[PDB]
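Peer 1: Protein chains in written order, with the working numbering: chain A, 25 to 307; chain B, 25 to 307. Note that CB positions come from ideal geometry on N, CA and C, so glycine has one too.
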Ligand SMILES: O=c1ccn([C@@H]2O[C@H](COP(=O)(O)OP(=O)(O)O[C@H]3O[C@H](CO)[C@@H](O)[C@H](O)[C@H]3O)[C@@H](O)[C@H]2O)c(=O)[nH]1
Ligand SMILES: O=c1ccn([C@@H]2O[C@H](COP(=O)(O)OP(=O)(O)O[C@H]3O[C@H](CO)[C@@H](O)[C@H](O)[C@H]3O)[C@@H](O)[C@H]2O)c(=O)[nH]1
Ligand SMILES: [Mn+2]
Ligand SMILES: [Mn+2]
């Protein structure tokens, strides 16, 4: 459930948060619209796990594995079992054109996987999430997390991310000024963002929120992409360009740091990243 | 409205939030359960005003002025007009045993004041907010802000505070360790908090949230106070002790810094306070 009567937390023993000590002084930990930016050191996972377990929270995870990308599923799912929402109810939704190529992955208790067959041809994920699966998701999960498959979990990804709407800071651009962001810059596209606008550059590979907010986002992005197609224009970074436009105009209620979407081959392991949680696999 | 369909923000020009620059490095700006702590420099009020105006947000402000405390109403209300939620819809609810002693204060457009008569005898405010005014508030406002009257506004107090549930850091204790907090320490009281528990010491003089969450808090505190009365025990700091117990067990979704409740006579003007927003008046 979301937003239902919340019972009292039990007694807990943990370090006192000290008002005149920030943990993190090296990074921005709250946006100018008062959304937390989730970095290691900003959250006590024991408190958050209590809060979300007391709501019997169910998290849906969507992933698309079409054509050759079915090869990424084994590592993706096996590492999700080690690191993604462990202790909570999880429902994986694997969208594929090859149901027989989905690996048989052993799941922990309280976790389930559904294989959903789709047609083969990145930009049509918005349609599938919003048009075909709307009723399914509303009936089955509280939150949806939507990710790329060519990835692996290396460290904790848990309920600290959950909120009505979140995006993830793109690992390539978190230190960049907005003029350098690769937003869509042609006014003829629905994804257009002028050089004097923009908070962050969010990566299309990891977003989520409540089912209602994720359906709103994916519907809006799908509609905007259809308008662009009718006008003979394709945004520079496809669904990611539209996601960025949406999150500019509809501020996320949490922002995930690049701990949550990293490429170590391309970008190494900077001091500001205390953990690499969810990382690109080659190809 | 709260939680209803949110239209797109318009184009806005403002400084880019920079990920590798925190504004505030001198204070904790997010709790360990990922609630913002509201300090000057952490929010862009233009973004927040847009978000809340697009919901046509109405804020109720409750204040009690019983017996000699009617004398505080003129300054309280006149300064609220200068500083409290200016531009938003406001409904003041003034609870008094002397309706004729309520000063005639001129209000800005979109703002209204209701005088509610009560009996004369600090601890029964929880009952009035939760038992007598439940239906009224649900029909009339989106958020409730509940404050002491022996106060004045000196600077902006606006929609940055609004959230499902908030408390305010007590100005006397924000730098203190939890063992020094003046929580109720007798196990025989419903307000009891052991020396190894506690996040913050919240002041009873400024709390709020959505109408639903404020009714939950005030009902719980009223019930706990009734249990203590039946057991012949009175908590050390009365309603404030119970508020603290509630907010330990039900984490607030924002915490206000002591900018929002200050006593300059007793505590001066420390460097960590960039603004003194809402301050004690003598007596
Ligand atoms: O033949 C394909 C191609 C894509 N995918 C799916 O689509 C995702 C995105 O494609 P990918 O090749 O991973 O794109 P990237 O270049 O790694 O990522 C960029 O492109 C994506 C799609 O626009 C965005 O999600 C990312 O944010 C952006 O960095 C994949 O992970 C799969 O889940 C398939 O299943 N089969
Ligand atoms: O004769 C009275 C006494 C109290 N009040 C109301 O009750 C409030 C609280 O009383 P006050 O005298 O202001 O208490 P303080 O000692 O200033 O404040 C402490 O006591 C309050 C009541 O327990 C808590 O709200 C505060 O957090 C705590 O710091 C007042 O502001 C009024 O709104 C009256 O209207 N008439
Ligand atoms: Mn990818
Ligand atoms: Mn007072």
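In angstroms, rounded to a whole number, what distance separates the CA positions of residue 164 of chain B and residue 247 of chain B?
Peer 2: Sequence index remark: in the second chain, residue 164 of chain B carries index 140 (1-based). Sequence index remark: in the second chain, residue 247 of chain B carries index 223 (1-based). Straight-line Cα distance between these residues: approximately 25 angstroms.
Peer 1: Could you tell me whether the stretch 70-86 of chain A touches the stretch 166-186 of chain A, where touching means 3 or more Cβ pairs closer than 8 angstroms?
Peer 2: The stretch 70-86 of chain A vs the stretch 166-186 of chain A: in contact.
Peer 1: Is the beta carbon of residue 269 of chain B closer than 8 angstroms to that of residue 59 of chain B?
Peer 2: Within the second chain, residue 59 of chain B is the residue found at index 35, counting from 1. Within the second chain, residue 269 of chain B is the residue found at index 245, counting from 1. Result no, Cβ atoms of residue 59 of chain B and residue 269 of chain B do not sit closer than 8 angstroms.
Peer 1: Looking at residue 227 of chain A and ligand 1, is the gap between the Cβ and the nearest heavy atom below 7 angstroms?
Peer 2: Within the first chain, numbered from 1, the residue matching residue 227 of chain A stands at position 203. It does: the Cβ of residue 227 of chain A is within 7 angstroms (strictly closer) of some heavy atom of ligand 1.
Peer 1: Taking a cut of 9 angstroms between CB atoms, which residues from the stretch 47-64 of chain A lie near chain B?
Peer 2: 47, 48, 49, 50, 51, 52, 53, 54, 55, 56, 57, 58, 59, 60, 61, 62
Peer 1: Could you tell me if the beta carbon of residue 263 of chain A falls within a distance shorter than 7 angstroms of some heavy atom in ligand 3?
Peer 2: As a working note, residue 263 of chain A is residue 239 in the first chain. No.
Peer 1: Please confirm whether residue 51 of chain B and residue 46 of chain A have their CB atoms less than 8 angstroms apart.
Peer 2: Here the question's residue 51 of chain B lines up with position 27 in the second chain. Here the question's residue 46 of chain A lines up with position 22 in the first chain. Contact flag set, yes.
Peer 1: Reducing DSSP to helix, strand and coil, say where residue 96 of chain A ends up.
Peer 2: By one-based count along the first chain, residue 96 of chain A stands at place 72. Three-state result, residue 96 of chain A: helix.
Peer 1: Distance check for residue 98 of chain B and residue 280 of chain B, CA to CA, integer angstroms please.
Peer 2: If you number the second chain from 1, residue 280 of chain B lands on position 256. If you number the second chain from 1, residue 98 of chain B lands on position 74. Roughly 25 angstroms between the two C-alpha positions.
Peer 1: Could you give the first and the last residue of the continuous alpha helix (DSSP H) run that contains residue 76 of chain B?
Peer 2: Here residue 76 of chain B refers to the residue found at position 52 when the second chain is read from its first residue. Residue 76 of chain B: member of the alpha helix (DSSP H) spanning 69-78, first to last residue.
Peer 1: Applying the criterion that 16 or more other CB atoms from any shown protein chain within 10 Å of the CB defines a buried residue, is residue 203 of chain B buried or exposed?
Peer 2: Taking the second chain and counting its residues from 1, one reaches residue 203 of chain B at position 179. Answer is exposed; the Cβ neighbour count stays below 16.
Peer 1: Identify which residue in A:233, A:226, A:210 has its Cα closest to the Cα of residue 199 of chain A.
Peer 2: Here residue 199 of chain A is taken as the residue at index 175 of the first chain, counted from 1. The shortest Cα separation from residue 199 of chain A among A:233, A:226, A:210 belongs to A:226.
Peer 1: Once you ignore the five residues that flank residue 215 of chain A on each side, which residues in its own chain have a CB closer than 6 angstroms to its CB?
Peer 2: Here residue 215 of chain A is taken as the residue at index 191 of the first chain, counted from 1. Excluding sequence neighbours, residue 215 of chain A sits near 208, 259, 265, 266, 269.
Peer 1: Return the bridge partner residues of residue 278 of chain A from the DSSP annotation.
Peer 2: What you label residue 278 of chain A is simply residue 254 of the first chain in a count that begins at 1. DSSP output for residue 278 of chain A lists A:190 as bridge partner(s).
Peer 1: For ligand 4, I want to know if residue 252 of chain B counts as a neighbour, meaning its beta carbon is within less than 7 angstroms of at least one of the ligand's heavy atoms.
Peer 2: As a first step, residue 252 of chain B is located in the second chain; it is residue number 228 there, counting from the start. Flag unset: Cβ of residue 252 of chain B not near ligand 4.
Peer 1: Does DSSP classify residue 185 of chain A as helix, strand or coil?
Peer 2: For the purposes of this step, residue 185 of chain A is identified with residue 161 of the first chain, where counting begins at 1. Per DSSP, reduced to three states, the secondary structure at residue 185 of chain A is helical.
Peer 1: Around the C-beta of residue 168 of chain B, are 16 or more other C-beta atoms found within 10 angstroms, so that it is buried, or is it exposed?
Peer 2: As a first step, residue 168 of chain B is located in the second chain; it is residue number 144 there, counting from the start. Residue 168 of chain B is buried by the Cβ-count criterion.
Peer 1: Could you tell me if the beta carbon of residue 197 of chain B falls within a distance shorter than 7 angstroms of some heavy atom in ligand 2?
Peer 2: The sequence position of residue 197 of chain B within the second chain is 173, counting from 1. False, no ligand heavy atom lies under 7 angstroms from that Cβ.
Peer 1: Do you know whose CA, among B:76, B:231, B:290, lies nearest residue 87 of chain B's CA?
Peer 2: Your numbering for residue 87 of chain B matches position 63 in the second chain. Considering only alpha carbons, the answer is B:231.
Peer 1: DSSP on residue 264 of chain B, reduced to helix/strand/coil?
Peer 2: Against the second chain, residue 264 of chain B aligns to sequence position 240. Helix.
Peer 1: When you compare each of B:153, B:146, B:240, B:213 to residue 30 of chain A by their alpha carbons, which one comes out closest?
Peer 2: On the first chain, residue 30 of chain A is found 6 positions in, with the first residue counted as 1. That would be B:240, whose Cα lies nearest to the Cα of residue 30 of chain A.
Peer 1: Quick check on residue 221 of chain A - is its C-beta less than 8 angstroms from some C-beta in chain B?
Peer 2: As a working note, residue 221 of chain A is residue 197 in the first chain. Judged by the 8 angstroms Cβ criterion, residue 221 of chain A is in contact with chain B.
Peer 1: Quick check on residue 150 of chain A: does DSSP put it in helix, strand or coil?
Peer 2: What you label residue 150 of chain A is simply residue 126 of the first chain in a count that begins at 1. DSSP places residue 150 of chain A in helix when its eight states are reduced to three.
Peer 1: May I ask which residues mark the beginning and end of the beta strand (DSSP E) holding residue 245 of chain B?
Peer 2: Within the second chain, residue 245 of chain B is the residue found at index 221, counting from 1. Taken as a continuous stretch (DSSP letters only), residue 245 of chain B belongs to no beta strand (DSSP E), being part of the alpha helix (DSSP H) at 235-254.
Peer 1: Short of 7 angstroms in beta carbon distance, which residues of its chain neighbour residue 161 of chain A, apart from the five on each side in sequence? Order them along the chain.
Peer 2: One-based indexing of the first chain puts residue 161 of chain A at position 137. Around residue 161 of chain A: 84, 168, 235.
Peer 1: Per DSSP, residue 119 of chain B is paired with what?
Peer 2: Locating residue 119 of chain B in the second chain gives position 95, counting from the first residue. In the DSSP output, where bridge partners are listed per residue, residue 119 of chain B has B:88, B:140.
Peer 1: Using the C-alpha atoms, what's the distance from residue 39 of chain B back to residue 172 of chain A?
Peer 2: By 1-based counting over the first chain, the position of residue 172 of chain A is 148. By 1-based counting over the second chain, the position of residue 39 of chain B is 15. About 31 angstroms.
Peer 1: What number of angstroms, rounded off, separates the C-alpha of residue 250 of chain B from the C-alpha of residue 178 of chain B?
Peer 2: Indexing the second chain from 1 puts residue 250 of chain B at position 226. Indexing the second chain from 1 puts residue 178 of chain B at position 154. About 36 angstroms.
Peer 1: Quick check: the Cα distance between residue 352 of chain A and residue 303 of chain A, rounded to an integer number of angstroms?
Peer 2: Absent from the model: residue 352 of chain A. The displayed extent of chain A is 25 to 307, so no value can be given.
Peer 1: With DSSP collapsed to three states, give me the class of residue 224 of chain A.
Peer 2: Residue 224 of chain A sits at position 200 when you count from the first residue of the first chain. The answer is coil: DSSP assigns residue 224 of chain A none of H, G, I, E or B.
Peer 1: Which whole-angstrom value describes the C-beta separation of residue 283 of chain B and residue 57 of chain B, a residue pair presumed to lie in contact below a C-beta threshold of 8 angstroms?
Peer 2: For this step, residue 283 of chain B is matched to residue 259 along the second chain. For this step, residue 57 of chain B is matched to residue 33 along the second chain. That pair is no contact at about 21 angstroms.
Peer 1: Determine the extent of the beta strand (DSSP E) in which residue 309 of chain B is found, giving its start and end residues.
Peer 2: A query on residue 309 of chain B cannot be resolved here, the shown segment of chain B reaching from 25 to 307 and no further.
Peer 1: Is residue 92 of chain B near ligand 2 - that is, is its Cβ less than 7 angstroms away from at least one heavy atom of it?
Peer 2: Mapped onto the second chain, residue 92 of chain B falls at position 68. Flag set: Cβ of residue 92 of chain B near ligand 2.
Peer 1: When we look at the beta-carbon of residue 237 of chain A and count the other beta-carbons within 10 Å, is it buried (16 or more) or exposed?
Peer 2: Residue numbering aside, residue 237 of chain A sits at position 213 when the first chain is read from its first letter. Per the 10 Å Cβ criterion, buried.
Peer 1: I need the straight-line Cα distance from residue 26 of chain A to residue 127 of chain B, nearest angstrom please.
Peer 2: The sequence position of residue 26 of chain A within the first chain is 2, counting from 1. The sequence position of residue 127 of chain B within the second chain is 103, counting from 1. C-alpha separation (whole angstroms): 44 angstroms.
Peer 1: Any Cβ of chain B within less than 8 angstroms of the Cβ of residue 66 of chain A?
Peer 2: Reading the first chain from its first residue, position 42 is the one you call residue 66 of chain A. Yes, its Cβ sits closer than 8 angstroms to a Cβ of chain B.
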